[PDB]
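As structure tokens, one chain now follows by itself in the form deposited in one PDB entry.
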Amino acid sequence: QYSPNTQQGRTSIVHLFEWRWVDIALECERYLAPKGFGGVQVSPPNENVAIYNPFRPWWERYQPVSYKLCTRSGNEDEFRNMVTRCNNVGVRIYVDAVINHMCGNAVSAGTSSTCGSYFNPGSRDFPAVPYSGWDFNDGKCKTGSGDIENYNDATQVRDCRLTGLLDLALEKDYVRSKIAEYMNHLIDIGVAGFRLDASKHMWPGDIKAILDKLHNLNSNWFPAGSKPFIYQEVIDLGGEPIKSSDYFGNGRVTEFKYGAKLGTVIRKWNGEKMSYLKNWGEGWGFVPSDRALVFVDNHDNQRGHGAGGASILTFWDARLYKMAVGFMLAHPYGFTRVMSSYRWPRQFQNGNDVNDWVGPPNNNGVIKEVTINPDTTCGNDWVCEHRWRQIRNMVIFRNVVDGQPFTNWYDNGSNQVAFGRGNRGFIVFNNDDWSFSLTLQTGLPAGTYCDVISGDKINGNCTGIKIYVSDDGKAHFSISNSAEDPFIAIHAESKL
């Protein structure tokens, strides 16, 4: 459950948040395969509540109505077509599995669902599964409200309703079996693994019992005996009894401390600075690298009041964001996920975004296609961070340097830092308010290297900055604090 099942030499996944299946299939073929991406995290592919007040928010997809593969992203045939096409070009699909709960307990009964299935939250009836009142934790939860009230009580966090979401009785074999039926449908279609949503709200042993029912990956594409990659969304910032280490026997865990601390460092909050990153990793209190799924932002916390609050860097902070993503992609800790977002009309009032609910770009609720512009950016309000040169080229950097040790660290005691990855790559950052002009030991063979942040190696030439490495491994780097991107990265495949 710990290995991503990507092709060898592909080292990241991208979250194509709220993309339609047909667009992901095209993206696999036209971009993700040639540019070296390992795979895609898809939005929940199972039927959810259609919420009209407010209008079709992104978070309606975290309120299941059934396990039918029928959503605003597409139907089952479209989902299978995407998985097949992506696997055929060596790009994997990871499903966001929403298995702790069904929908909010106060949602009105009827057929306001993405496939038109009937459901009745008040009577606990989800006949398209089917689930009934016997399948929820109403009787087990001990709180006065029936909801989670106190995170210092690890029992209620698991047995009670997360903000009113009907909480499935995951101890029951019937419920475990319905969830496994859904997940095995997906595995047998060709999915490579799963994000387990809301894992802090599930007992480690109930997750384990579900995972014990799962198939090995589809043997038309994967070697015999391949296990699905499992990454559990456990929000653990310290200071609560539940620790993400309780989940290590099941799979990897999301390390939310990663982006929270990287954001505070790059924003220079509370006296933090990039020179402190020399011991980045477990020395900062993080989970072991081989259990970490890391990221700068995710779909919830890029809206500013998730895990990390206001420290989280996002595409709205483009210059600092590219630097944070670049640091992450260069550094060996963890398995990396890149976010790919849509734009929305962010409107802060008293420090909070009143439009944080807005769903993906749409015409009357129908998600818009992803259009590709001639400069390789996207239209229709899709941000496509994964197509930004500075991010895509760092996804490639991470592939090129895979397995190489962290070495040749330099810092100026402030915010000018650099490090290498064995003899295969080197990266230099200037986050101080002055210039960074210095000769550094790079660990690389002598030659001329293209900076892949300011440009590309194309037709045996560099389109941006060129770096000259001497016989001693040293090279001169100059980065003004006014540069478009105040970091430079070079690697073995950017050498002329």
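Each form is matched to the other, and the largest set of C-alpha atoms that superpose within 1.5 Å is called the rigid core. Numbers for residues come from their place in the sequence shown, where the first is 1.
- Of the two stretches examined, 253-261 and 106-114, the record assigns the greater average C-alpha temperature factor to 106-114.
- Of the two segments, 182-190 and 146-154, the one listed with the higher mean B-factor is 146-154 (C-alpha atoms only).
- Residue-level inspection of the entry shows that, of 57, 455, 39, 64, 455 has the top Cα B-factor.
- Between the residues 427, 69, 446, 28, it is 446 that shows the highest Cα B-factor in the PDB record.
- Ranked within its chain, residue 477 lands in the highest third, by CA B factor from the PDB record.
- Residue 357: CA B factor in the middle third of modelled residues in this chain (values from the PDB entry).
- In the PDB entry, a CA B factor belonging to the lowest third of its chain's modelled residues is recorded for residue 16.
- In this PDB entry, the Cα temperature factor of residue 247 sits in the bottom third of its chain's modelled residues, the lowest group.
- For residue 47, the recorded CA B-factor ranks within the lowest third of the chain. Only modelled residues enter the ranking.
The same protein has a further form, the form deposited in another entry, not shown here; the description that follows concerns it.
- Only 315, out of 286, 315, 203, 182, shows a C-alpha shift of 2 Å or more between the shown form and the other one on alignment of the rigid core.
- Taking 2 Å as the criterion, residue 352 counts as shifted between the shown form and the other one: its C-alpha moves by at least this amount when the rigid core is aligned.
- For residue 300, the Cα coordinates differ by 2 angstroms or more between the shown form and the other one after the core has been superposed.
- Superposition of the core reveals a Cα shift of less than 2 Å for residue 89 between the shown form and the other one.
- Distance between the C-alpha atoms of residue 270 and residue 307: longer in the other form than here (change of 3 Å or more).
- In the other form, the CA atoms of residue 371 and residue 299 move farther apart by at least 3 angstroms compared with the shown structure.
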